[PDB]
Amino acid sequence: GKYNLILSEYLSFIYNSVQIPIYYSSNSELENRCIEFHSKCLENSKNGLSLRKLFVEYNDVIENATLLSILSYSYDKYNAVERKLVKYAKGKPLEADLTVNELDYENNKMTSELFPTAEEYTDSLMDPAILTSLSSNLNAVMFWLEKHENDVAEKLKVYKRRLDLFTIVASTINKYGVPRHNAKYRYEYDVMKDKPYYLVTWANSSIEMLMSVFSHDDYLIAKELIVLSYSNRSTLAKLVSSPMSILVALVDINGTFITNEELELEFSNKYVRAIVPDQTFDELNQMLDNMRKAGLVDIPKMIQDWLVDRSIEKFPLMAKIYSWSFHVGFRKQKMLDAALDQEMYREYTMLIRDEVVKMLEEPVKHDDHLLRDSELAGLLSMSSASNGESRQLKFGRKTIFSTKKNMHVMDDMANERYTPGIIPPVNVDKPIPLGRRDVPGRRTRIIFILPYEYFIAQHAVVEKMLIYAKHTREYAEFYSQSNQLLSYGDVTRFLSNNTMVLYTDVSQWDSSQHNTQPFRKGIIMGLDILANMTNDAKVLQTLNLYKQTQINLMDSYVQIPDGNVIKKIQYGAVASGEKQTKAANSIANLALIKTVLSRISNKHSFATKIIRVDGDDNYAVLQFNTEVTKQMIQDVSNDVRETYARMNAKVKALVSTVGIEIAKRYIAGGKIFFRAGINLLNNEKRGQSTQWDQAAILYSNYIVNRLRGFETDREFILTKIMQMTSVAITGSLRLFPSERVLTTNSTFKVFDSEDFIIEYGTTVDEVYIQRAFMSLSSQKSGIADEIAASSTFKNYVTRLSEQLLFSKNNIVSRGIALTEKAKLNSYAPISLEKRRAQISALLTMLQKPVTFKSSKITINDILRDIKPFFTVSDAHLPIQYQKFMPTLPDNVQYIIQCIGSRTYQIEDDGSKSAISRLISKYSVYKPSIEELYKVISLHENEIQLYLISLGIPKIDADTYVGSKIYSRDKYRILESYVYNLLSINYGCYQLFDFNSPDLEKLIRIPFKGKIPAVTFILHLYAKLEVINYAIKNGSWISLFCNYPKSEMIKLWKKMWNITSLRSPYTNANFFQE
RNA sequence: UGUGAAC
């Protein structure tokens, strides 16, 4: 509840010259008291009278009613920031060293010197792209400083380290003044031209870094990064985090977790000697020297101090620095520069071609329906993203323009223009529009915004390839339901004194022009073999079209902006945007490693314990018939680099016997680490989400970083949420949502009142609020209705439906119409209409919570029903598992030590049910977990019609609707759906082993009947409650269940009518991955 | 309608 108290202090701190607490209650008489109190406060304020008497008079309202929000009557002129800043601006401003960056525009030159005229200006290279201002961030940091001004002992030290650092931001900012943002939170030319170009982005990165500073080490790191960053905007992250790849190889392994036959983590007390050739040390030194040549001093020394003994115990610092460098900011260059960087491949091409054949051999020979109806599948899959050009479109009786892919397909079909048989060119005549990918520390890459013809021609085939990968282990990122822990387990498994790991970064090779010929040719060669495997007209054409996309790309041309011009240049490299991007890249990366390993063996003899490709990295584990020496590692390494070199591939290739480092994860000293570099006050690009969506995302970002080792003060995060979630009523009237409105599990949830613990209404007022918020979940959009009524639209929905099913439509048909009515949300005008409606509904709701016919059951209601039938009792669970993920906070880590962890993802889509499998065999349609959930619970006769309506044969439809499996699917679908509603795969929970024997003992549930659904919820509810207590208290409890038999039948009915909740908090988890 | 592909 501390959030509400914190909000008042912040408002009082921000405004000084009134606040009006607004309450509400589920009890009629109490609510009137709430209404009376609100009126009196407004009246007293409208008379400059003391509200002290009213608070005493309506003590009962303060005591029992629930705080809904807070009114903010502030008559200033959004200044204060200018006034506040000066006290902290005593230090000497920073002077940009305009000689550090290559490309001139990457140097912190005055904005004007980069864009002499307002028409040449662009924030494209520094846009924070976030719906929160620099001024607000400054206010937030200062508010925190004032609060922890009179702190003591170590808390004071944290404040002192922070006050210093913020002085640098303040001193530098004051020298030019605080950049004023516009309604869209953008920084225009007039505000910008006086100040240094990167001033605002740099401030956001520095503020984010300093508020995440605690120990002296954090302070040393933050200070170096902040100062260096102001001048260097292109190699500081790379220089700072480059020594990590060398370091993982150094640390010794003293007991680590491995993967057993049951694909689960298991402790192994083994010891593995880290063997490092002297050459590696020279390479590490050059890296350290390079950091030094760039001004770095404190960070280089820390790596150096660590290097004396290299203890996994003092490794945390190395990890901390690696996470830290990313928070310098994104490297946003100019489209042209990002674009510009871009006989022995016979073995490599053949492998790519063979791999393509294996993944589609069976689907093609059989005459897979999905391959035959590939076009239909592409249409259903189709998104609402950009197609490339902004077309003029006529809907019903309205002429509007859009770039949306969904919109383009409908307009073309309604005008005989829809022609997926013809795969448009992407050369000099029809240049590919370009998109961009910005990441911290790494160089900017370009993106192909190809026409929808390409997505349809590639969607069915890519899915078939993914399915092959799903059950192929070499493909770490696609295998089974696995998570990163299993991958961590696999590398450690075979580590011994007679084996060495070989990791390699292949991000540069994928963009290499050397790469593109063997790539497209390899896929095409594979496609021809597949074509000679069948005669099916549908299969050959879908297969043939795929061949065409590769051929068109072979020689493409790109539209690269160059100021306010769009120079068209011949791009001869494999950029990404295709449907086969990830699958193809994976196939290629794996093919490349196989090629390198094969070449090397002619010289040395080793065993291939494991080979893996995961993202932009690939690796292998080799076993030699003798003990590995420093000399052996050098010889293997030189040859591997040499093999890569002959192929003209600029890749990083290292060889060790203890660790490995890759973009997604790193394994040092037998432990697993995950970079914690998600930026907070700076985004990659601008989207269409709201401020509330953004606040939820920032919190989500904060949670992931905190789990990964990077923690930003919670109070600062809370302060940001308060600014972001507020709503202006007028110019001097601002409304701030309460903790209850923000955290309760509703459609407006932004964060959990307590980190790592998700609460669900257990009081009437909480329930009353939850029901009210849902009442106004989805808002109307005129523009969306018009187009939803247009002919071209209905025909498109009708055309899709008549191509899919055979018999009758509606559970499926109603869905297709909506799925399409939604895709119109990418369309700004529609998105804008929805937001305005949401704010007005929200403004009224905060003012005085409306009524609601309810009648809609949710997850919270099911939980609320159960709660009262459990008896708690202190219990004890000894810690028995060693730590493998060193960065986890203490409360989260403790649960793992006691109950354990898992290496998989709980099925939350229902894709593993028989009905879903049956639909898949005959239909290209893909029902969601929710649709499957409604369908399974239907009358036997109805289910048979639905399966047949989708193309499922009668002998098959009939056999299923009675069988054991159908009854079983019922339980499995609900189980999958419930896990989905409980976020058992996100945040903290995704880590915990929900089937721990130790966890199980704490749950005593006596069966008083035997009805699967009820049994499953009671055990799950108990496991979550027991775990949450452990997260919040550190000690365990035992749960006993005395749930009636009469009660269980009522509960079971309730279970099959649960409504899913949509909210910023829900969206944020989806957003993360 | 400052809007920028596969996931």
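Residues numbered from 1 in each chain as written, not as in the entry; some residues may be left out. Chains lettered and ligands numbered in written order. Heavy atoms only, no water.

- Deposited coordinates in this entry are attributed by the record to X-ray crystallography, at a stated resolution of 3.000 Å.

## Concerning the sheet that holds strand 21 (residues 1003-1004)
Then step 1. Strand order in the open sheet formed by three strands is 20-22-21, and the pairing between neighbours is mixed. Unpaired on one side and paired on the other, strand 20 (870-875) and strand 21 mark the two borders of the sheet.
Then step 2. Alignment of strand 21 against strand 22 (residues 1036-1041), held across two bridges, turns out to be parallel. Bridging from a neighbouring strand, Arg1004 pairs with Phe1040 of strand 22.
Then step 3. Against the sheet, helix 45 (residues 1012-1033) engages strand 20, strand 21 and strand 22, with an angle of about 160 degrees to strand 22. (Pairing = 2+ DSSP bridges. Helix = DSSP H or I, 4+ residues; strand = E, 2+ residues; numbered from the N terminus. Contact = heavy atoms within 4.5 Å. Axes fitted to C-alpha atoms, helices over the stretch in contact; angles between N-to-C directions.)

## Quick look at helix 46 (residues 1045-1055)
One full turn of an α-helix is made of 3.6 residues, so residues set three or four places apart face in the same direction.
Then step 1. Three or more residues of helix 46 are buried, namely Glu1047, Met1048, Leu1051 and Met1055. All buried residues of helix 46 project into a common sector of 100 degrees when viewed along the axis, lining one side.
Then step 2. Summarising the contacts, the buried residues of helix 46 are in contact with helix 37 (859-866), helix 40 (929-936), helix 43 (964-981) and helix 45. (Buried < 20%, exposed > 50% of the residue type's maximum accessible area, 1.4 Å probe, protein only. Arc of directions from axis to C-beta.)

## Comments concerning the sheet that holds strand 12 (residues 606-614)
Then step 1. Strand order in the open sheet formed by four strands is 12-13-9-14, with antiparallel pairing between adjacent strands. Each edge of the open sheet carries a strand with a single partner, namely strand 12 and strand 14 (652-656). Strand-to-strand twist of the sheet, defined as the mean angle between neighbouring strand axes without regard to direction, takes the value 15 degrees.
Then step 2. Note that strand 9 (residues 499-505) and strand 13 (residues 617-624) share seven bridges and pair antiparallel. Counterpart to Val501 in the pairing with strand 13 is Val621.
Then step 3. Taken strand by strand, helix 28 (residues 630-646) contacts strand 9, strand 13 and strand 14, and its axis lies near 160 degrees from that of strand 14.

## With respect to the environment of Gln688
Then step 1. Mapping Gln688 onto the fold places it in the loop between strand 17 (671-673) and helix 29 (691-708).
Then step 2. Considered as a pair, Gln688 and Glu715 are 27 residues apart in the sequence and their alpha carbons are 27 Å apart.
Then step 3. In this structure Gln688 touches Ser831 and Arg835, once residues within four positions along its chain are discounted.

## Brief notes about the protein's contact with RNA strand B
Then step 1. Around RNA strand B, the surrounding shell holds 27 residues, and the nearest of these are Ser383, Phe401, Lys405, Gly577 and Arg686.
Then step 2. Near the protein, meaning within 4 Å, the atoms of RNA strand B are sugar or phosphate in a fraction of 45%, with bases accounting for the rest.
Then step 3. Contact distances for RNA strand B include 3.2 Å between a phosphate oxygen and a side-chain N or O atom of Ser386.
Then step 4. Note that a base nitrogen of RNA strand B is positioned 2.8 Å from one of the backbone N or O atoms of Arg686.
Then step 5. Sorting the residues of the surface near RNA strand B by element identifies strand 6 (398-404), strand 8 (445-448) and helix 36 (828-847) as the ones contributing at least two each. (Near = heavy atom within 4 Å. Polar contact = N/O pair within 3.5 Å; in protein donor to acceptor, adjacent residues only side chain to side chain.)

## Observations concerning the packing of aromatic side chains
Then step 1. Inspection of the entire model under this criterion finds 43 aromatic pairs.
Then step 2. With a centroid separation of 6.4 Å and 50 degrees between ring planes, the pair formed by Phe315 and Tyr666 is classed as tilted. With respect to class, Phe315 is no different from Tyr666; both count as buried.
Then step 3. For the ring pair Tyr666 and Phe673, a centre distance of 4.9 Å and an interplane angle of 15 degrees mean the geometry is stacked.
Then step 4. By relative accessible area, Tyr666 is classed as buried at 1%.
Then step 5. The rings of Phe115, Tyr121, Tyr189, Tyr197 and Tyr198 are connected pair by pair, giving a single aromatic cluster.
Then step 6. The residue whose ring lies beneath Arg162 is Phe214, and the NZ or CZ to ring-centre distance is 4.6 Å.
Then step 7. Between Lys334 and the ring centre of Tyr105, over which it is positioned, the NZ or CZ distance is 4.5 Å. (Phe/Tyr/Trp six-rings, centres within 6.5 Å; stacked < 30°, edge-to-face > 60°. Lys NZ or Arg CZ within 6 Å of the ring centre and 35° of its normal.)

## Quick look at the side chain of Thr111
Then step 1. Tracing the chain through its elements places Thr111 in helix 6 (residues 111-114).
Then step 2. Residue contacts for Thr111: discarding those within four places in its chain leaves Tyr121, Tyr189, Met192, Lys193, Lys195, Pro196 and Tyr197.

## Here we look at the packing of helix 14 (residues 278-293) against helix 28
Then step 1. Close contact between helix 14 and helix 28 brings their axes to 8 Å; oriented N to C, the two are set at 60 degrees. Facing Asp278, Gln279 and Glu283 of helix 14, the residues of helix 28 in contact are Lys630, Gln634, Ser637, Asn638 and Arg641.

## Quick look at empty space enclosed by the protein
Then step 1. Here the largest cavity defines a volume of roughly 220 Å³.
Then step 2. If you trace the largest cavity, you find 21 residues lining it, with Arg233, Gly329, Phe330, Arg331 and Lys332 closest to the centre.
Then step 3. By residue class, the composition of the lining of the largest cavity is eight nonpolar, eight polar and five charged.
Then step 4. In this structure, the second largest cavity encloses a volume near 100 Å³.
Then step 5. Forming the walls of the second largest cavity are 16 residues, and the residues nearest its centre are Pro277, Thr280, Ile633, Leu654 and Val655.
Then step 6. For the lining of the second largest cavity, the elements supplying multiple residues, two or more each, are helix 14, helix 28 and strand 14.
Then step 7. Taken together, the residues of the lining of the second largest cavity break down into nine nonpolar, five polar and two charged. (1 Å grid on protein atoms, 1.4 Å probe; cavity = no way out; pocket = protein on both sides within 12 Å on 5 of 7 lines; lining within 4 Å. Points joined across faces, edges and corners; volume = space filled by probe spheres on them. Nonpolar A, V, L, I, M, F, W, Y, C, P; charged D, E, K, R; others polar.)

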